[PDB]
$ cat query10.cif   # mmCIF, C-alpha atoms
data_query
loop_
_atom_site.label_atom_id
_atom_site.label_comp_id
_atom_site.auth_asym_id
_atom_site.auth_seq_id
_atom_site.Cartn_x
_atom_site.Cartn_y
_atom_site.Cartn_z
CA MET A 1 87.58 24.84 163.21
CA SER A 2 85.88 24.26 159.85
CA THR A 3 84.21 26.43 157.22
CA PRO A 4 82.79 26.37 153.65
CA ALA A 5 85.37 28.79 152.29
CA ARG A 6 88.08 26.27 153.18
CA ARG A 7 86.41 23.38 151.36
CA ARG A 8 86.09 25.47 148.20
CA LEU A 9 89.82 26.21 148.20
CA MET A 10 90.41 22.45 148.23
CA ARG A 11 88.23 21.98 145.15
CA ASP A 12 90.13 24.72 143.32
CA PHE A 13 93.54 23.17 144.00
CA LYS A 14 92.69 19.84 142.37
CA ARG A 15 91.07 21.72 139.50
CA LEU A 16 94.32 23.67 139.14
CA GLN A 17 96.31 20.48 138.59
CA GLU A 18 93.93 19.35 135.84
CA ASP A 19 94.61 22.51 133.83
CA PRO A 20 96.68 25.32 135.43
CA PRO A 21 96.93 28.84 133.90
CA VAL A 22 99.74 29.34 131.38
CA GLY A 23 102.29 32.03 132.20
CA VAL A 24 101.39 32.18 135.88
CA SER A 25 101.34 29.63 138.70
CA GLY A 26 99.44 29.73 141.98
CA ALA A 27 99.39 26.69 144.27
CA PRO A 28 100.18 25.89 147.95
CA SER A 29 103.62 24.34 148.52
CA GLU A 30 104.65 23.89 152.16
CA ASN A 31 102.53 26.65 153.69
CA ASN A 32 99.08 25.63 154.94
CA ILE A 33 95.94 26.13 152.85
CA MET A 34 95.90 29.69 154.20
CA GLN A 35 99.11 30.89 152.53
CA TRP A 36 99.74 29.95 148.90
CA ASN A 37 102.80 30.10 146.64
CA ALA A 38 102.28 31.92 143.34
CA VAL A 39 104.61 33.42 140.73
CA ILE A 40 103.92 35.76 137.81
CA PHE A 41 106.22 36.28 134.83
CA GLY A 42 106.35 39.46 132.77
CA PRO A 43 104.21 39.43 129.57
CA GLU A 44 105.66 39.15 126.07
CA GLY A 45 107.07 42.37 124.64
CA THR A 46 107.78 44.03 127.99
CA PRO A 47 110.88 44.83 130.12
CA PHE A 48 109.52 42.23 132.56
CA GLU A 49 109.39 39.37 130.05
CA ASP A 50 112.96 38.45 131.01
CA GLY A 51 112.37 39.28 134.67
CA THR A 52 110.64 37.19 137.32
CA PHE A 53 108.20 38.20 140.06
CA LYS A 54 106.76 36.14 142.92
CA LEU A 55 103.64 37.01 144.92
CA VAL A 56 101.55 35.47 147.71
CA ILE A 57 97.76 35.27 148.01
CA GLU A 58 96.41 35.34 151.56
CA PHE A 59 92.93 33.85 151.94
CA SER A 60 90.38 34.30 154.73
CA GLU A 61 87.88 31.96 156.40
CA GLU A 62 85.26 34.69 155.96
CA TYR A 63 83.41 33.77 152.76
CA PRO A 64 84.25 32.10 149.39
CA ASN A 65 83.22 35.37 147.75
CA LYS A 66 84.77 37.71 150.32
CA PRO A 67 87.43 40.08 148.84
CA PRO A 68 90.74 38.21 149.47
CA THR A 69 94.18 39.71 150.06
CA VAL A 70 97.25 39.58 147.82
CA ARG A 71 100.72 41.13 147.86
CA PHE A 72 104.17 40.65 146.32
CA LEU A 73 106.84 39.02 148.47
CA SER A 74 109.63 40.96 146.75
CA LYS A 75 109.72 44.72 147.32
CA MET A 76 109.82 46.28 143.85
CA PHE A 77 108.89 49.57 142.17
CA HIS A 78 105.51 49.62 140.43
CA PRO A 79 103.25 52.22 138.71
CA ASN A 80 100.57 51.56 141.33
CA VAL A 81 101.00 50.02 144.78
CA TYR A 82 99.48 50.39 148.24
CA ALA A 83 101.26 51.05 151.54
CA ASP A 84 100.81 47.37 152.40
CA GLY A 85 102.18 46.31 149.03
CA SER A 86 98.81 45.11 147.76
CA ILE A 87 97.75 45.54 144.13
CA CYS A 88 95.01 47.87 142.89
CA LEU A 89 92.62 45.76 140.81
CA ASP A 90 88.87 45.68 140.20
CA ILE A 91 88.90 42.12 141.53
CA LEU A 92 90.11 43.29 144.94
CA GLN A 93 86.73 45.02 145.27
CA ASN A 94 83.27 43.46 145.58
CA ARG A 95 83.33 43.09 141.79
CA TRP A 96 84.96 39.69 142.32
CA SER A 97 82.71 36.92 140.99
CA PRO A 98 82.51 33.48 142.70
CA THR A 99 82.25 31.93 139.23
CA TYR A 100 85.91 32.39 138.30
CA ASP A 101 88.84 30.65 139.99
CA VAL A 102 92.12 31.69 141.62
CA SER A 103 93.68 31.69 138.15
CA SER A 104 91.72 34.87 137.45
CA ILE A 105 93.68 36.69 140.17
CA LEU A 106 96.99 35.48 138.72
CA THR A 107 96.18 36.67 135.20
CA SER A 108 94.71 39.91 136.54
CA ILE A 109 98.07 41.08 137.88
CA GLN A 110 99.91 39.67 134.86
CA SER A 111 97.97 41.99 132.54
CA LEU A 112 98.55 44.89 134.93
CA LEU A 113 102.25 44.72 134.09
CA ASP A 114 101.51 45.18 130.39
CA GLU A 115 99.46 48.35 130.87
CA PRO A 116 98.20 49.84 134.19
CA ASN A 117 95.04 51.90 134.69
CA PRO A 118 95.68 55.70 134.74
CA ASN A 119 92.32 55.97 136.50
CA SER A 120 93.25 57.02 140.04
CA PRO A 121 96.82 55.61 140.31
CA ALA A 122 98.34 54.61 143.65
CA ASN A 123 101.85 55.82 142.81
CA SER A 124 101.61 59.16 141.00
CA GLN A 125 105.41 59.39 140.94
CA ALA A 126 105.76 56.45 138.55
CA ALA A 127 102.60 57.15 136.56
CA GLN A 128 103.94 60.65 135.91
CA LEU A 129 107.47 59.61 134.93
CA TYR A 130 105.85 57.20 132.46
CA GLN A 131 104.66 60.16 130.38
CA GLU A 132 107.42 62.55 131.47
CA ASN A 133 110.78 60.77 131.37
CA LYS A 134 110.83 57.25 129.92
CA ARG A 135 114.59 57.06 130.44
CA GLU A 136 114.10 57.53 134.18
CA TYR A 137 111.34 54.92 134.36
CA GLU A 138 113.07 52.21 132.33
CA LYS A 139 116.10 52.40 134.62
CA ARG A 140 113.81 51.80 137.59
CA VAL A 141 112.37 48.70 135.92
CA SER A 142 115.64 46.99 134.99
CA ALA A 143 117.04 47.87 138.41
CA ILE A 144 114.29 46.27 140.49
CA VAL A 145 114.16 43.26 138.17
CA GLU A 146 117.93 42.73 138.32
CA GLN A 147 117.69 42.26 142.09
CA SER A 148 115.27 39.34 141.69
CA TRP A 149 116.67 38.27 138.32
CA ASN A 150 119.38 35.98 139.71
CA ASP A 151 119.56 34.55 143.23
CA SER A 152 122.10 31.79 142.58
#
$ encode --input "query10.cif" --output "structure tokens"
Amino acid sequence: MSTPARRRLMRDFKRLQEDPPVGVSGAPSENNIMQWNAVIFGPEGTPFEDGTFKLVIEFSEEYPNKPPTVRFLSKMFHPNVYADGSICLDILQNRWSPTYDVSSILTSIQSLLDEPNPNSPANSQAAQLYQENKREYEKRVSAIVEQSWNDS
């Protein structure tokens, strides 16, 4: 029924309103405290700067420091992605510190767009094309972005 992990999430939300992260947003809209609504925009000086990407962060009633779960709602091509669509970040592991806030997870992925980690990539196909054929990779970026570029 109740838990400590839930209470913490409530303290983070109010703290988010006081001073939310610039460039990325992550707050619950209609979905319960479990599911949240977050969106990340491409960094400056990248083919994603003009594009828009939305992602959801699924929390668990396990522990306030237990490795959470996150995944993009829109199916797009990325240099590194899991079969479930999750993102490969050091935060996803036990390296996550209970000192930081949810904003840290939003900025973590934002920076990933700028430059991924060649250290054990999830999608070798993309990571390879990045150093092989840039013309083939760029087309994949603008293509996936165009789909979620305009919905109206």
$ resolve_selection --input "query10.cif" --expression "the PyMOL selection byres ((chain A and resi 82-94) around 10)" --output "number ranges by chain"
A: 55, 57, 65-76, 78, 80-81, 95-97, 104-105, 108-109, 112, 116-117, 120-123
$ residues_around --input "query10.cif" --residues "range 22-31 of chain A" --least-positions-apart "3" --cutoff "8 Å" --atoms "all atoms listed in the file" --output "list in words"
residues 13, 16, 34, 35, 36, 37, 38, 39, 40, 41, 102, 103, 106, 107 and 110 of chain A
$ atom_distance --input "query10.cif" --atom1 "CA of residue 54 in chain A" --atom2 "CA of residue 119 in chain A"
25.4 Å
$ residues_around --input "query10.cif" --residues "residue 118 in chain A" --least-positions-apart "5" --cutoff "10 Å" --atoms "only C-alpha atoms" --output "PDB file with C-alpha atoms, in the coordinates of the input"
ATOM      1  CA  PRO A  79     103.250  52.220 138.710  1.00  0.00           C
ATOM      2  CA  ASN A  80     100.570  51.560 141.330  1.00  0.00           C
ATOM      3  CA  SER A 124     101.610  59.160 141.000  1.00  0.00           C
ATOM      4  CA  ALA A 127     102.600  57.150 136.560  1.00  0.00           C
ATOM      5  CA  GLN A 128     103.940  60.650 135.910  1.00  0.00           C
TER       6      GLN A 128
END
$ resolve_selection --input "query10.cif" --expression "the PyMOL selection byres ((chain A and resi 48-52) around 8)" --output "PDB file with C-alpha atoms, in the coordinates of the input"
ATOM      1  CA  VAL A  39     104.610  33.420 140.730  1.00  0.00           C
ATOM      2  CA  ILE A  40     103.920  35.760 137.810  1.00  0.00           C
ATOM      3  CA  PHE A  41     106.220  36.280 134.830  1.00  0.00           C
ATOM      4  CA  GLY A  42     106.350  39.460 132.770  1.00  0.00           C
ATOM      5  CA  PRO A  43     104.210  39.430 129.570  1.00  0.00           C
ATOM      6  CA  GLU A  44     105.660  39.150 126.070  1.00  0.00           C
ATOM      7  CA  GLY A  45     107.070  42.370 124.640  1.00  0.00           C
ATOM      8  CA  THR A  46     107.780  44.030 127.990  1.00  0.00           C
ATOM      9  CA  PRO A  47     110.880  44.830 130.120  1.00  0.00           C
ATOM     10  CA  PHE A  53     108.200  38.200 140.060  1.00  0.00           C
ATOM     11  CA  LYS A  54     106.760  36.140 142.920  1.00  0.00           C
ATOM     12  CA  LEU A 113     102.250  44.720 134.090  1.00  0.00           C
ATOM     13  CA  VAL A 141     112.370  48.700 135.920  1.00  0.00           C
ATOM     14  CA  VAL A 145     114.160  43.260 138.170  1.00  0.00           C
ATOM     15  CA  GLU A 146     117.930  42.730 138.320  1.00  0.00           C
ATOM     16  CA  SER A 148     115.270  39.340 141.690  1.00  0.00           C
ATOM     17  CA  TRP A 149     116.670  38.270 138.320  1.00  0.00           C
TER      18      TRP A 149
END
$ closest_residue --input "query10.cif" --among "A:101, A:64, A:1, A:77" --to "residue 21 in chain A" --atoms "all atoms listed in the file"
A:101
$ atom_distance --input "query10.cif" --atom1 "CA of residue 143 in chain A" --atom2 "CA of residue 129 in chain A"
15.5 Å
$ axis_aligned_box --input "query10.cif" --around "range 125-144 of chain A" --padding-each-side "5 Å" --output "AutoDock Vina command-line options"
--center_x 109.8 --center_y 54.4 --center_z 135.4 --size_x 24.4 --size_y 26.3 --size_z 21.0
$ atom_distance --input "query10.cif" --atom1 "CA of residue 9 in chain A" --atom2 "CA of residue 99 in chain A"
13.1 Å
$ resolve_selection --input "query10.cif" --expression "the PyMOL selection byres ((chain A and resi 5) around 8)" --output "list in words"
residues 3, 4, 6, 7, 8, 9, 60, 61, 62, 63 and 64 of chain A
$ build_atoms --input "query10.cif" --residues "range 7-33 of chain A" --atoms "N, CA and C atoms" --output "compact mmCIF listing (two decimals), in the frame of the given file"
# COMPACT_ATOMS: atom_id res chain seq x y z
N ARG A 7 86.72 24.50 152.24
CA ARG A 7 86.41 23.38 151.36
C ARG A 7 86.53 23.78 149.90
N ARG A 8 86.04 24.97 149.57
CA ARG A 8 86.09 25.47 148.20
C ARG A 8 87.53 25.56 147.70
N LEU A 9 88.41 26.08 148.55
CA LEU A 9 89.82 26.21 148.20
C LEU A 9 90.44 24.86 147.86
N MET A 10 89.91 23.80 148.48
CA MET A 10 90.41 22.45 148.23
C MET A 10 89.96 21.95 146.87
N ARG A 11 88.78 22.38 146.44
CA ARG A 11 88.23 21.98 145.15
C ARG A 11 88.94 22.71 144.02
N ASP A 12 89.44 23.91 144.31
CA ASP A 12 90.13 24.72 143.32
C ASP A 12 91.54 24.18 143.06
N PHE A 13 92.19 23.71 144.11
CA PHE A 13 93.54 23.17 144.00
C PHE A 13 93.59 22.00 143.02
N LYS A 14 92.73 21.01 143.24
CA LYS A 14 92.69 19.84 142.37
C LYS A 14 92.37 20.25 140.94
N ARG A 15 91.47 21.22 140.81
CA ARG A 15 91.07 21.72 139.50
C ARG A 15 92.24 22.43 138.82
N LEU A 16 93.15 22.96 139.64
CA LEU A 16 94.32 23.67 139.14
C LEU A 16 95.31 22.69 138.51
N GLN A 17 95.41 21.50 139.09
CA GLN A 17 96.31 20.48 138.59
C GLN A 17 95.83 19.92 137.25
N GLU A 18 94.51 19.86 137.08
CA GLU A 18 93.93 19.35 135.84
C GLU A 18 94.28 20.24 134.65
N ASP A 19 94.28 21.55 134.88
CA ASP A 19 94.61 22.51 133.83
C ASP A 19 94.96 23.87 134.43
N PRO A 20 96.23 24.06 134.84
CA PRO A 20 96.68 25.32 135.43
C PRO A 20 96.86 26.42 134.39
N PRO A 21 96.78 27.70 134.81
CA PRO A 21 96.93 28.84 133.90
C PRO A 21 98.35 28.94 133.34
N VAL A 22 98.44 29.22 132.04
CA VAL A 22 99.74 29.34 131.38
C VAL A 22 100.34 30.73 131.60
N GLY A 23 101.62 30.76 131.97
CA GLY A 23 102.29 32.03 132.20
C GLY A 23 102.38 32.39 133.67
N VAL A 24 101.42 31.91 134.45
CA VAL A 24 101.39 32.18 135.88
C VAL A 24 101.00 30.94 136.68
N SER A 25 101.62 30.77 137.84
CA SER A 25 101.34 29.63 138.70
C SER A 25 100.89 30.09 140.08
N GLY A 26 99.93 29.37 140.66
CA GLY A 26 99.44 29.73 141.98
C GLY A 26 98.91 28.53 142.74
N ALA A 27 99.78 27.87 143.49
CA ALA A 27 99.39 26.69 144.27
C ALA A 27 100.15 26.63 145.59
N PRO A 28 99.55 26.01 146.63
CA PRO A 28 100.18 25.89 147.95
C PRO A 28 101.30 24.85 147.96
N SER A 29 102.47 25.25 148.45
CA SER A 29 103.62 24.34 148.52
C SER A 29 103.74 23.71 149.91
N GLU A 30 104.46 24.38 150.80
CA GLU A 30 104.65 23.89 152.16
C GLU A 30 103.69 24.58 153.12
N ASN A 31 103.44 25.86 152.86
CA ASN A 31 102.53 26.65 153.69
C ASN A 31 101.13 26.05 153.68
N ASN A 32 100.44 26.16 154.81
CA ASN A 32 99.08 25.63 154.94
C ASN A 32 98.16 26.18 153.85
N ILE A 33 96.92 25.70 153.84
CA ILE A 33 95.94 26.13 152.85
C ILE A 33 95.73 27.64 152.90
